[PDB]
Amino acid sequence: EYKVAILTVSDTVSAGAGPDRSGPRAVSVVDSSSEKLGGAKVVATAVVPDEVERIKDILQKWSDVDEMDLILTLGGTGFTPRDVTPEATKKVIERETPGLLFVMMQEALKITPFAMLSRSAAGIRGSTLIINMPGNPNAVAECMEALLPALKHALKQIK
């Protein structure tokens, strides 16, 4: 009923130099949150390198052509010079959703102060909600737990 897609952003994974350890975790978190999200299913994944054009193209495609309801990105959100996910994300979103970002930061900071190094963006494009999430496997579970109480209503409101 809600079409979720998960974008892994990683030079390493994209080059075939390493496995995606976060993608599967994210899929499985969404999957077991399905009821709480009002019926949602991961319907597509993709891997891109840490390059803004590659990130933008997918977000555009998944929003404008495939009409996903929810896109989660993983990675490319830190202080490393290659971390460009938020900049790519900011170019393509139309309506910022700063409350989602406030909640993720607030909860993540309860676990570790290193949370302050996340530079995630989030917003709506067309009728797709796009949320940047950190690249390590536990992050999606933690962010999804923080957002989950309200994310169902978020997706319903977007229509």
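Throughout, we count residues from 1 along the sequence that is shown.
A.B. asks: Mean Cα B factor from the PDB record: higher for 149-157, or higher for 4-12?
C.D. replies: If you average the C-alpha B-factors of 149-157 and of 4-12, the larger mean comes out for 149-157.
A.B. asks: Return whichever of 35-43 and 119-127 has the greater mean Cα B factor according to the PDB record.
C.D. replies: Here the higher of the two C-alpha B-factor means belongs to 35-43.
A.B. asks: Using the temperature factors of the C-alpha atoms in this entry, rank residue 112 within its chain: lowest, middle or highest third.
C.D. replies: It belongs to the highest third of the chain when residues are ordered by C-alpha B-factor.
A.B. asks: Which third, lowest, middle or highest, does the C-alpha temperature factor of residue 103 belong to within its own chain?
C.D. replies: Bottom third by C-alpha B-factor.
A.B. asks: Classify residue 48 as lowest, middle or highest third according to the C-alpha B-factor given in the PDB entry, relative to its own chain.
C.D. replies: It falls in the bottom third of the chain.
A.B. asks: Should residue 30 be placed in the lowest, middle or highest third of its chain by the C-alpha B factor in the entry?
C.D. replies: Within its chain, residue 30 is a highest-third residue by C-alpha B-factor, going by the deposited values.
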